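Asks: Structure, please.
(4 chains)
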Amino acid sequence: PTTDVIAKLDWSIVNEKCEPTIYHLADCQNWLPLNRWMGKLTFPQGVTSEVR
Amino acid sequence: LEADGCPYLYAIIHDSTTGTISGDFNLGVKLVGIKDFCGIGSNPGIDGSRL
Amino acid sequence: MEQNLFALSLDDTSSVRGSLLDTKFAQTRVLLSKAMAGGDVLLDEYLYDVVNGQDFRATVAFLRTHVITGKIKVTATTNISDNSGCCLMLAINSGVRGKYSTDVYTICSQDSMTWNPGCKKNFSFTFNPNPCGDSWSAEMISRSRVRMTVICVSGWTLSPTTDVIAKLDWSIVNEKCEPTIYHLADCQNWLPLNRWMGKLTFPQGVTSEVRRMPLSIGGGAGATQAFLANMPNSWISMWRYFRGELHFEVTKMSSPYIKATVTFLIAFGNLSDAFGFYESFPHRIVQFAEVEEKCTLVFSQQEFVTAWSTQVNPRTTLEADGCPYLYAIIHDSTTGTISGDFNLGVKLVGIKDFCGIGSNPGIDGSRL
Amino acid sequence: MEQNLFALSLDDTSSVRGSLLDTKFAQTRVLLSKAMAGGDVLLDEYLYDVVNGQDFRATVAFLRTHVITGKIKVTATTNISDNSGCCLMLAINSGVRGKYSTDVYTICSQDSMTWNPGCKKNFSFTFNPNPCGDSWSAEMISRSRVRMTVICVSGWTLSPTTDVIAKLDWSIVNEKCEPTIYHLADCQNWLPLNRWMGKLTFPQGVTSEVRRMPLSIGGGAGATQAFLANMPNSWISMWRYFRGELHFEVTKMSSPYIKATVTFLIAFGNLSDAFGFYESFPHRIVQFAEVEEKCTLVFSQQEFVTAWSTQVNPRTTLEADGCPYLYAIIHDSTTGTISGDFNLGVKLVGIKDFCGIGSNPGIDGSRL
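Replies: Numbers count the residues shown, from 1 in each chain, chains lettered A, B, ... in the order given. Sure, structure below:
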């Protein structure tokens, strides 16, 4: 951009139930959340076979 | 990569990266979660990261 | 254990069928130069040479299946920033003869997609490579010399940073191959044409820009001391006079940034430029959004009193020419933040409720 | 026209399926020498290297389909005049270790077809290359090193004029892949083995030919100062004593021209050759027709009083060996117009109503 920018965050309290996310050692689980960053993929501008 | 029998997730450019302005086509992949997860065995561990 | 080998299902003459993955048979890589011009062959090869050096799921099924009742879908996944745009046209023609013309006019007839990468992310279209039957094969199109041609009808309005690629994905869908056969009935319900009425350039500025395209379409389009010919345009010139509901398909070829509003109307040649009352005539306004690229003008039977001639003598001036024209007039002005002309492509798709009168001896020439 | 490309059917994870034409994925060309011997590797390659340099309908589908729920059918279209005959055995094993044995004994376990070209025009058989699951893939079997082996267990009884070829046609049928898993339950309903009881040569002539094969099967088969091992034969030797209905599968390996009638019976080692009253025992006669090549002896629970030991000490003589044998006795005489022995291959397919007693410490050796 031409100048510096600002991001305004607005912290509130909504009225949803706080549900816990607890990991445990059961071998079969229905949903194991991870939020694992598989990676940032850069592809340069051009014509070549880009594979990641 | 020649002798590694676990699966990868490929991300392949189907055509070409384009634009009127210069800059790379960045793209962020994030494994959110595993559904119907099934974990087998008991890892002694390895010590390192990439494959 | 043993079995009788004669009675196995090895003489399976099924067509190719399944999902779009299992019917894909080739991918093709077209290179669009950073600085490409209009009337510029990007790709031009035989449709069977597409499949050379390929290893997709239906590649071997495609080559070896004796009959295929399905159409060929081709999809083109090319894109560019809204800032820019161009107009590509992929097009399939049943054959060739030496040293051929690759002007958009010549090609478009028969089976073609036209799209602007600037607006449309991808573009797909189905077609039948045997135009007079329900079926075809790989061996038919190799020996028949069916010819696929990609052409750039309008250059990049703003050039990209680097070269570009268009990936074509040739598949076989499961629609019935219906034939398109022209015949000499005087009254026909739908006479398709895909006649390139012409590319309309309007420069950026303030002036009264008016463009006439004559509806005496027959007898081809011009060249040097020469003229070009489609089949369907040569076919309509079989008759002397004709009429019908005309279905044009006007397309944007510039980028979304070059903006302009265009009135279309039927009217006669005598009307000058700097005649300021074009909206007295019945007309149709055409503004394009950023995303929209394609718009269909229809002109009913109430726009034409009588039939008009398919060909006219080349030396008739606009002053004494009693066939109708299709005017395309800039309603305001051609504008944009970036330099580049407002290109616009008109294509007579077909004539509905076609009525062909008489029997043309012929004229020999093109424009009026 | 445009379409949303994310929502197309390009993530089709279907198995390979269709007719036998559209599921064929490779053909293999085995050369059988004019003068080939018994115990002679004809082909021996990895099952994935079969598909290298191939271009059939399902070749690309086979390689790229992540999961395949169907079995692999292989059919072998080899033939020869009734005059001659041999015995080929194609066989699939889940892996290898350096400098391996290719004796028929070692191989047959797991998944195999055995046929005599002289009698059977062609021979087909299905199998699952992942023996402990419902599914597999091309990538599984390439990296797992699944190994296909064709072996000639008995040479040509009369040599052909020229060299021969066996064409194998590898397909994917649509049967469910059922797993074959061995486990340590003492009572089991069906314990498959595919244990090569041995090749029985009987020379042409008049003499009392008797061949004993011991049913103390465990602890492998012999070599030099060494012994060979299948898995299933090593598995049954986990137990000390065992019993059950034994299901043998006796096969002709010579030509139809060498004719002989064979009595099979259970009995103990003490019985000498030139003891002329073998048909006092309960027995089963086996004459083969020209076309028949395969016959299944079953020996019920009434043939055995108690269980018997899986292994016996190697130095026990026939005089003091209280486990049962399977005798194979020539009922008349081995005959034919052409010279050549009457070969005959016995293969313990499996034990029904298997009952395994105790816990074998082990013995170390093979034959009894």
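Asks: Span of stretch A:12-31 from start to end?
Replies: End-to-end span of stretch A:12-31 (CA to CA, to the nearest Å): 28 Å.
Asks: ugh, wrong one, stretch A:12-32
Replies: The stretch stretch A:12-32 measures 28 Å between its terminal residues, going by CA to CA.
Asks: from the chain's centre, how far out does it sit?
Replies: Its chain's C-alpha centre and that of stretch A:12-32 lie 16 Å apart, by CA atoms, centre = their mean, to the nearest Å.
Asks: Equivalent analysis for stretch A:24-33, please.
Replies: The answer for stretch A:24-33 is 20 Å, by CA atoms, centre = their mean.
Asks: Show me which positions of that stretch end up buried.
Replies: With burial defined by 16 or more other CB atoms under 10 Å in any protein chain shown, the residues of stretch A:24-33 counted as buried are A:29, A:32. Quick note: C-beta positions are derived from backbone N, CA and C, even for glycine.
Asks: For it, measure first residue to last.
Replies: Taking CA to CA, the first and last residues of stretch A:24-33 lie 11 Å apart.
Asks: and the most centrally placed residue in chain A, what does it touch?
Replies: Centre of chain A computed as the mean C-alpha position; nearest residue by CA atoms, centre = their mean is residue A:35, 5.9 Å away. Residue A:35 sits next to B:30-33 when contact means CB atoms under 8 Å, 6 or more residues apart in numbering or on different chains.
Asks: now the helix or strand containing residue A:34 and strand B:25-38, what's the angle there?
Replies: Using DSSP states H and E, residue A:34 sits in strand A:28-43. Relative orientation of strand A:28-43 versus strand B:25-38 (axes from the mean of the first three to the mean of the last three CA atoms, to 10 degrees): 170 degrees.
Asks: and strand A:28-43, which strands flank it?
Replies: For strand A:28-43, the paired strands and their directions (DSSP bridges) read strand B:25-38 (antiparallel).
Asks: Give me the spatial nearest neighbour of residue A:29, chain neighbours excluded.
Replies: Spatial nearest neighbour of residue A:29, excluding adjacent residues (CB to CB, 6 or more residues apart in numbering or on different chains): residue B:37 at 4.7 Å.
Asks: okay, now residue A:2: neighbour count?
Replies: Per other CB atoms under 10 Å in any protein chain shown, the neighbour tally for residue A:2 reads 4.
Asks: same question, the one 4 residues further on
Replies: By the measure other CB under 10 Å, the count of residues near residue A:6 is 4.
Asks: Ok, residue A:1 next?
Replies: By other CB under 10 Å, 4 other residues sit near residue A:1.
Asks: Identify the residues contacting the residue lying farthest from the centre of chain A.
Replies: Most distant from the centre of chain A: residue A:47, at 29.8 Å, with distances by CA atoms, centre = their mean. Contact analysis of residue A:47 by CB under 8 Å, 6+ apart lists B:16, C:31, C:162-165.
Asks: Same check on residue A:27?
Replies: Counting by CB under 8 Å, 6+ apart, residue A:27 touches B:38-40.
Asks: Now do the phi/psi pair for it.
Replies: Main-chain dihedrals, residue A:27, degrees, to the nearest 10: phi -70, psi -40.
Asks: now the one residue in chain A that gets nearest to chain D, which residues is it bridged with?
Replies: Chain A approaches chain D most closely through residue A:51 (16.3 Å), counting by CB to the nearest CB. In this entry, residue A:51 is beta-bridged to residue B:12, by DSSP bridges.
Asks: and it, how many residues sit next to it?
Replies: Neighbour count for residue A:51, taken as other CB under 10 Å: 9.
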